[PDB]
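S.K.: input09.tsv is reproduced below (TSV, C-alpha atoms and all ligand atoms).
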```tsv
chain	number	residue	atom	x	y	z
A	100	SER	CA	29.24	7.86	17.02
A	101	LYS	CA	30.17	4.17	16.75
A	102	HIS	CA	28.27	1.32	18.37
A	103	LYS	CA	29.98	-1.50	20.32
A	104	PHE	CA	28.02	-4.69	19.67
A	105	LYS	CA	28.46	-7.96	21.60
A	106	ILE	CA	26.55	-11.24	21.46
A	107	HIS	CA	23.46	-11.46	23.64
A	108	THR	CA	20.88	-14.05	24.70
A	109	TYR	CA	17.32	-12.69	24.85
A	110	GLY	CA	14.77	-14.21	27.23
A	111	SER	CA	11.68	-12.71	25.62
A	112	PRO	CA	10.77	-12.10	21.96
A	113	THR	CA	13.00	-9.31	20.69
A	114	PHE	CA	13.14	-7.77	17.23
A	115	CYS	CA	16.04	-6.48	15.17
A	116	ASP	CA	16.26	-2.68	15.40
A	117	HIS	CA	17.73	-2.63	11.87
A	118	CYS	CA	15.56	-4.94	9.72
A	119	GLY	CA	12.54	-5.44	12.00
A	120	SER	CA	12.26	-9.22	12.23
A	121	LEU	CA	12.55	-11.56	15.20
A	122	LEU	CA	15.89	-12.41	16.80
A	123	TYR	CA	15.55	-16.20	16.67
A	124	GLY	CA	17.47	-19.14	18.09
A	125	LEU	CA	17.99	-21.10	21.30
A	126	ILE	CA	20.74	-18.75	22.57
A	127	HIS	CA	22.87	-15.90	21.23
A	128	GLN	CA	20.10	-14.65	18.95
A	129	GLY	CA	21.56	-11.22	18.25
A	130	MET	CA	24.03	-8.47	19.04
A	131	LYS	CA	23.43	-5.78	21.68
A	132	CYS	CA	25.24	-2.46	21.84
A	133	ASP	CA	27.06	-1.91	25.17
A	134	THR	CA	26.20	1.83	25.07
A	135	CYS	CA	22.71	2.40	23.67
A	136	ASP	CA	21.01	-1.01	24.03
A	137	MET	CA	20.33	-1.40	20.28
A	138	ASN	CA	19.65	-5.04	19.31
A	139	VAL	CA	20.37	-6.39	15.81
A	140	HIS	CA	20.90	-9.66	13.99
A	141	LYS	CA	24.53	-10.67	13.59
A	142	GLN	CA	24.09	-10.31	9.82
A	143	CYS	CA	22.67	-6.78	10.24
A	144	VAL	CA	25.65	-5.34	12.19
A	145	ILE	CA	27.47	-4.36	9.01
A	146	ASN	CA	24.57	-2.15	7.89
A	147	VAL	CA	23.96	-0.23	11.13
A	148	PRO	CA	25.07	3.42	10.81
A	149	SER	CA	27.30	5.03	13.43
A	150	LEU	CA	24.50	6.83	15.28
A	151	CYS	CA	25.12	5.41	18.76
A	152	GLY	CA	23.20	7.52	21.26
A	153	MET	CA	21.85	9.77	18.46
A	158	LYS	CA	16.66	7.35	8.66
A	159	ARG	CA	14.93	5.27	6.01
A	160	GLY	CA	15.07	7.55	2.96
A	161	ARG	CA	12.16	8.87	0.95
A	162	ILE	CA	9.75	7.83	-1.80
A	163	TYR	CA	8.06	9.84	-4.57
A	164	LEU	CA	4.37	9.00	-5.10
A	165	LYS	CA	1.09	10.25	-6.49
A	166	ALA	CA	-2.29	8.99	-5.31
A	167	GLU	CA	-5.60	10.31	-6.63
A	168	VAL	CA	-9.20	9.08	-6.51
A	169	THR	CA	-11.39	9.42	-9.60
A	170	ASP	CA	-14.98	8.21	-9.22
A	171	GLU	CA	-14.52	4.91	-7.42
A	172	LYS	CA	-10.91	4.25	-8.51
A	173	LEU	CA	-7.78	4.97	-6.50
A	174	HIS	CA	-4.80	5.39	-8.83
A	175	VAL	CA	-1.28	5.29	-7.39
A	176	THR	CA	1.94	6.22	-9.20
A	177	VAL	CA	5.12	4.76	-7.68
A	178	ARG	CA	8.03	6.63	-9.27
A	179	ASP	CA	11.27	6.18	-7.32
A	180	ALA	CA	12.95	6.29	-3.92
A	181	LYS	CA	16.19	7.66	-2.53
A	182	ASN	CA	18.62	6.94	0.30
A	183	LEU	CA	17.09	3.64	1.35
A	184	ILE	CA	18.52	1.39	4.05
A	185	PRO	CA	20.83	-1.53	3.13
A	186	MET	CA	19.61	-4.99	4.17
A	187	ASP	CA	22.21	-7.31	2.60
A	188	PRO	CA	25.84	-8.07	3.53
A	189	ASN	CA	27.06	-6.20	0.44
A	190	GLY	CA	25.61	-2.97	1.80
A	191	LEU	CA	22.80	-2.78	-0.75
A	192	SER	CA	19.14	-3.86	-1.00
A	193	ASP	CA	16.77	-5.19	-3.69
A	194	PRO	CA	13.74	-2.96	-3.19
A	195	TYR	CA	10.15	-3.41	-4.26
A	196	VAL	CA	6.97	-1.67	-3.10
A	197	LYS	CA	3.84	-3.37	-1.80
A	198	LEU	CA	0.55	-1.48	-1.90
A	199	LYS	CA	-2.64	-2.48	-0.15
A	200	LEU	CA	-5.75	-1.11	1.55
A	201	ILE	CA	-5.64	-1.73	5.30
A	202	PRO	CA	-6.94	-3.20	7.53
A	203	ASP	CA	-6.76	-6.30	5.27
A	204	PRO	CA	-7.09	-9.39	7.52
A	205	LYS	CA	-7.79	-11.63	4.51
A	206	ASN	CA	-4.82	-10.23	2.53
A	207	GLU	CA	-6.94	-9.52	-0.56
A	208	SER	CA	-5.88	-6.10	-1.82
A	209	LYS	CA	-2.09	-6.32	-2.28
A	210	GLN	CA	-0.31	-5.22	-5.47
A	211	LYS	CA	3.45	-4.85	-5.92
A	212	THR	CA	6.09	-3.29	-8.13
A	213	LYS	CA	8.93	-5.17	-9.72
A	214	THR	CA	12.16	-5.60	-7.76
A	215	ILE	CA	15.15	-3.39	-8.56
A	216	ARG	CA	18.33	-5.31	-7.74
A	217	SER	CA	21.37	-4.01	-5.87
A	218	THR	CA	20.45	-0.40	-5.17
A	219	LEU	CA	19.54	2.06	-2.45
A	220	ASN	CA	18.05	4.46	-5.02
A	221	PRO	CA	15.55	2.46	-7.10
A	222	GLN	CA	13.36	3.71	-9.93
A	223	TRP	CA	10.18	1.72	-10.62
A	224	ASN	CA	7.93	4.04	-12.67
A	225	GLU	CA	4.88	1.81	-12.16
A	226	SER	CA	1.23	2.56	-11.46
A	227	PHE	CA	-1.64	0.73	-9.78
A	228	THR	CA	-5.42	1.04	-9.66
A	229	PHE	CA	-7.69	-0.06	-6.81
A	230	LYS	CA	-11.43	-0.34	-7.38
A	231	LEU	CA	-12.89	1.09	-4.17
A	232	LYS	CA	-15.83	-0.36	-2.23
A	233	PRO	CA	-17.96	1.78	0.10
A	234	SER	CA	-16.22	0.36	3.18
A	235	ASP	CA	-12.84	1.47	1.82
A	236	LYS	CA	-13.71	5.01	2.98
A	237	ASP	CA	-12.57	3.85	6.44
A	238	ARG	CA	-9.35	2.23	5.15
A	239	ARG	CA	-5.84	3.50	4.46
A	240	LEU	CA	-3.60	3.11	1.43
A	241	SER	CA	-0.48	1.37	2.78
A	242	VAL	CA	2.81	1.77	0.88
A	243	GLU	CA	5.67	-0.44	2.11
A	244	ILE	CA	9.18	-0.89	0.70
A	245	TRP	CA	10.73	-4.34	1.23
A	246	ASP	CA	14.09	-5.88	0.35
A	247	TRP	CA	13.59	-8.97	-1.81
A	248	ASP	CA	15.61	-11.90	-0.42
A	249	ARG	CA	15.53	-14.94	-2.67
A	250	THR	CA	16.02	-17.67	-0.08
A	251	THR	CA	15.10	-16.00	3.23
A	252	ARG	CA	12.20	-13.80	4.36
A	253	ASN	CA	12.04	-10.38	2.75
A	254	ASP	CA	13.23	-7.47	4.91
A	255	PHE	CA	11.18	-4.43	5.87
A	256	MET	CA	12.73	-1.14	4.69
A	257	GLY	CA	10.19	1.65	5.29
A	258	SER	CA	6.58	2.66	4.82
A	259	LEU	CA	3.77	5.20	5.05
A	260	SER	CA	0.04	5.43	4.53
A	261	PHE	CA	-2.76	7.78	3.47
A	262	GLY	CA	-6.38	7.77	4.60
A	263	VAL	CA	-8.67	6.87	1.70
A	264	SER	CA	-11.23	9.46	2.86
A	265	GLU	CA	-8.47	12.09	2.89
A	266	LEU	CA	-7.28	11.15	-0.62
A	267	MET	CA	-10.86	11.57	-1.80
A	268	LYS	CA	-10.75	15.20	-0.66
A	269	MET	CA	-7.16	15.99	-1.70
A	270	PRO	CA	-4.83	14.00	-3.98
A	271	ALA	CA	-1.29	13.30	-2.84
A	272	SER	CA	1.84	14.08	-4.87
A	273	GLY	CA	5.43	14.48	-3.77
A	274	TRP	CA	8.24	13.10	-1.65
A	275	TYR	CA	7.38	11.28	1.57
A	276	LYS	CA	9.67	10.30	4.42
A	277	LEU	CA	9.76	6.55	5.03
A	278	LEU	CA	8.64	5.43	8.51
A	279	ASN	CA	8.87	2.29	10.60
A	280	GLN	CA	6.32	-0.41	9.88
A	281	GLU	CA	4.04	0.38	12.81
A	282	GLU	CA	3.99	4.15	12.33
A	283	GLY	CA	3.64	3.73	8.58
A	284	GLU	CA	0.28	1.98	8.95
A	285	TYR	CA	-1.21	5.14	10.44
A	286	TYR	CA	0.76	8.21	9.28
A	287	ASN	CA	2.68	9.93	6.53
A	288	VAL	CA	5.30	12.69	6.57
A	289	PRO	CA	5.43	14.85	3.43
A	290	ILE	CA	8.78	16.39	2.59
B	301	PB	PB	18.19	-8.87	7.48
B	302	PB	PB	18.40	-9.27	3.22
B	303	PB	PB	18.21	-8.58	-0.75
B	304	PB	PB	15.91	-11.69	5.31
B	305	ZN	ZN	25.07	1.94	20.32
B	306	ZN	ZN	18.11	-7.72	11.25
```
Hey, can you dump this file as structure tokens for me?
Ligand SMILES: [Pb+2]
Ligand SMILES: [Pb+2]
Ligand SMILES: [Pb+2]
Ligand SMILES: [Pb+2]
Ligand SMILES: [Zn+2]
Ligand SMILES: [Zn+2]
M.R.:
Amino acid sequence: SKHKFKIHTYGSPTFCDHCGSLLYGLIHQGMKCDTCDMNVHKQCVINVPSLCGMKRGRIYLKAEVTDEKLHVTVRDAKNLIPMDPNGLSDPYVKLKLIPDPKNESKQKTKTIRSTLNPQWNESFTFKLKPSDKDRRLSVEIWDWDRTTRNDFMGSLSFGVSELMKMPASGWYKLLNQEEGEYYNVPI
């Protein structure tokens, strides 16, 4: 089901339904679909699937707590969303314990260029503090953009207190940024 996008001027802050970031500019900040009301950046049109009136792929992870250490294995991901005009992305994963208002906990994988099916095969250790029992492990995939802001691709999270009781291992469905801070969907 194809979309029919036309230029639009937005009178209140509106975000791109494809890549997540603000539609900016004095006028004509994005493209709106005549049928379903989807709003995207001009440069995102090419990557929007034909789902008018009708996902983000999946990631394979392990996360296990031993003593006071949370150890995360970031293997690979499949069927990710393209964020660049060539119909690909340059994905990396950012891991942190949230809430993190001082931005202290983040760690990241390397960037895999030009793919929707990256393999990282990297692992990360977090030394847990007592207050981390109330936090969540956040896992976010982003498209690296060299000269513009990086683009959100998909995410999920696990409760630290839950990981203490039961390690995680398997495929997980990638979620939007807001849902991903609070939920995960095993596959
Ligand atoms: Pb973009
Ligand atoms: Pb991009
Ligand atoms: Pb890119
Ligand atoms: Pb960008
Ligand atoms: Zn549409
Ligand atoms: Zn966009």
S.K.: Mind pulling up the distance from atom CA of residue 259 of chain A to atom CA of residue 232 of chain A?
M.R.: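 Taking atom CA of residue 232 of chain A and atom CA of residue 259 of chain A, their separation equals 21.6 Å.
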S.K.: Given all atoms listed in the file as the basis, pick out the residue of A:134, A:234, A:228, A:287 nearest to residue 177 of chain A.
M.R.: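 Among the listed residues, the smallest separation from residue 177 of chain A belongs to A:228.
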S.K.: If you count only C-alpha atoms and all ligand atoms, which residues end up within 12 Å of ligand ZN 305 (chain B), as a list in words?
M.R.: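 Based on only C-alpha atoms and all ligand atoms, ligand ZN 305 (chain B) is surrounded within 12 Å by residues 100, 101, 102, 103, 104, 105, 116, 130, 131, 132, 133, 134, 135, 136, 137, 138, 139, 144, 147, 148, 149, 150, 151, 152 and 153 of chain A.
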S.K.: Residues within 7 Å of residue 168 of chain A, please, as an mmCIF file with C-alpha atoms, keeping the file's coordinate frame. Count all atoms listed in the file; anything in the same chain fewer than 6 positions from it doesn't count.
M.R.:
```
data_model
loop_
_atom_site.group_PDB
_atom_site.id
_atom_site.type_symbol
_atom_site.label_atom_id
_atom_site.label_comp_id
_atom_site.auth_asym_id
_atom_site.auth_seq_id
_atom_site.Cartn_x
_atom_site.Cartn_y
_atom_site.Cartn_z
ATOM 1 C CA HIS A 174 -4.800 5.390 -8.830
ATOM 2 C CA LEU A 266 -7.280 11.150 -0.620
ATOM 3 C CA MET A 267 -10.860 11.570 -1.800
#
```
S.K.: Given the choices A:141, A:197, A:158, A:230, which gets closest to residue 244 of chain A if the distance is worked out from only C-alpha atoms?
M.R.: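 Closest to residue 244 of chain A of all the choices is A:197.
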S.K.: Name the closest residue to ligand ZN 306 (chain B) among the candidates A:194, A:204, A:119, A:188; distances are taken between atoms, counting all atoms listed in the file.
M.R.: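 Using all atoms listed in the file, ligand ZN 306 (chain B) sits closest to A:119.
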S.K.: Can you tell me which residues come within 6 Å of ligand ZN 306 (chain B) when counting only C-alpha atoms and all ligand atoms, ideally as a ChimeraX atom specification?
M.R.: /A:115,117-118,139-140,143
